[PDB]
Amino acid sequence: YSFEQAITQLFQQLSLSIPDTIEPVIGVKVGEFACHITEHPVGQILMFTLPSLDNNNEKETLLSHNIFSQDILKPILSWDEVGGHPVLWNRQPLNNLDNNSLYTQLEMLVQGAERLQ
């Protein structure tokens, strides 16, 4: 129940009602952004959103967002070939979570999403 427990803690931090059963994929709304939270692979919390890009910029500028940084929660800009839309996502292990770990991941994903616009 690390996933169920992790989501329960996040929901309390977002002031959301806690469903009696919690399975992926879990959606949460943060400001303008619909975000999706799953466990994938096992032991990893994966969060993603579908951003509203600025692709009047070259390959180099969109790929430039994806350089590694000091923060492993910095989101990665990808394209979903199967659905024809950008996908922005980040990931961290479920076992190394502080109490606010999912909240931080969600905040980093959304800050990444806001930057893209």
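Residue numbers here begin at 1 and follow the sequence given.
Visitor: Using only the Cα atoms and their B-factors as the entry lists them, report which of 59-67 and 24-32 averages higher.
Guide: Per the PDB record, 59-67.
Visitor: Decide which of the stretches 50-58 and 70-78 has the higher mean C-alpha B-factor, going by the entry.
Guide: Result of the comparison: 50-58.
Visitor: Between 97, 106, 10, 18, which one tops the list for Cα B-factor in this entry?
Guide: Across 97, 106, 10, 18, the entry lists the biggest C-alpha B-factor for 97.
Visitor: Could you tell me which third, lowest, middle or highest, the C-alpha B-factor of residue 83 occupies within its chain?
Guide: Ranked within chain, residue 83 CA B lands in the highest tercile.
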